[PDB]
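One chain follows as structure tokens, the form deposited in one PDB entry.
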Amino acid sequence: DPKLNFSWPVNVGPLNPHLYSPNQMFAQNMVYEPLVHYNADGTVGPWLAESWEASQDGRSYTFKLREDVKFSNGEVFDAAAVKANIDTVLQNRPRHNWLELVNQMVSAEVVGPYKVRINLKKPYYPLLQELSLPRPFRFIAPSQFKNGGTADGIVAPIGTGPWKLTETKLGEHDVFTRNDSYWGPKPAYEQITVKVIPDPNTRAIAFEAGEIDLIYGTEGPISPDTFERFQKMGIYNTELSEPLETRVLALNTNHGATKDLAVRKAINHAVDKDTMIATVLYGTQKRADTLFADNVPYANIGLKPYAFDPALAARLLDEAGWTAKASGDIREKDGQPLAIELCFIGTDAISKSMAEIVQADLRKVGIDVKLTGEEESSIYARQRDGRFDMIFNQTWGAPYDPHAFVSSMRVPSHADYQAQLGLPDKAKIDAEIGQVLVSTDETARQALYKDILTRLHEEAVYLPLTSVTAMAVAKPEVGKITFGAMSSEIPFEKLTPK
């Protein structure tokens, strides 16, 4: 059976299901599995739990587990194993409390041999999405606990997944073997070797020499340069996923010229995102016309894009009192120039190149963008103070969207809060956000998000720029790449070599 060589900058880690770095999320996803599965269209479906019910008040969920699942060592996957895992996570609460699902979780109880009930302090509809995460709610054989838990180490990384970790060589590789007693469909590949290649130039050469078959990742492991270099050779398979998270400029409704709706709309009409993507990103990301893409839960609401239309942008400006003396002039309104400050982290090359593109494009319609590249700490001070006209931001990505990012909009010291402060409907928006997070009603939930996202779009609070995507470069014999529904999901089990 066929074997795959995969490159990664680092070793996969010890693969503890309940800890973070140095454990790599994609590798945790190969070995361990969640109760429920996040789909690429934003829905959540059955996985280790075949069924579930939420109590009427939304504070308890009872999961009915599959009855045909074994851990890779042959031990039973059941309600007892799930509770044992949940409990060791909750006993290490300080590590995990950043996740609002954990923060609201009171307890787990065994209510049948294959039924587990999860209890919350208050309703929290994103429970299902956050259960689909690579960590911390995936399941190791409890026999692998050390001293009654996982927080201080595990015996061996024994999961229920389609892959088993069978060899680790630090600085060299990690080898995963197909789990031939996996409960689901069996992988076409018998073996996945993760080769440790931290140096991008070495990775390129290794891919040339045929020492690795697949490269896969987002902005992190793969530069636009790297993807461009391979896609132009025209002999490999190169593909991009569906949108994962959105990069935006937040425009400050409470500060400067961006207080004016016409100016914010003009900005949305005057940046050529397609050219920005083509030049700065080498086509490795997709144009975003809305804050959230239509594969984000509750966000498929048919918002109309602001089309690239610099003449219209000029008409919106002039028709708001921001007029140009002559053709190429910086516009003015009551003595004052149309100058706006765009603040970004000065050592971030991509953001910097994007900011320079924004500056050039907006200058064409009479806007003087001042570029203020500064250190991260200085940028966080600006976000919280509202001392910006435009500032870069990013959504959280699947499966955290839209709830995580929207939730932060109503919290002071977040960029989005400061940027939205000038909206007359800010208090109402913040009330709807509070209501949507505790909503137990799916119809109400869609209506609430529709209203929130529609107001943010129509009031042009954002300049949505790009959708980050997973990139894949593969030898043609690997076949079509099936992309994960979240950035940390690399579906080796779905590869079918030709």
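Numbers follow the displayed sequence, beginning with 1.
For the pair 399-407 and 348-356, the mean B factor over Cα atoms is greater in 348-356. Averaged over their C-alpha atoms, the temperature factors of 53-61 and 447-455 are higher for 53-61.
The entry assigns its greatest Cα B factor, within the set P134, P337, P157, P305, to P337.
Residues shown: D68, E33, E442, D430. Highest C-alpha temperature factor in the entry: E442. Among the modelled residues of its chain, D272 has a C-alpha B-factor that falls in the lowest third, as given in the PDB entry. When all modelled residues of the chain are sorted by CA temperature factor, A288 is found within the lowest third. Per the deposited record, the Cα B-factor of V10 falls in the highest third when ranked against the other modelled residues of its chain. Looking at the C-alpha B-factors along this chain, the one for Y417 belongs to the lowest third. Per the deposited record, the Cα B-factor of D78 falls in the lowest third when ranked against the other modelled residues of its chain.
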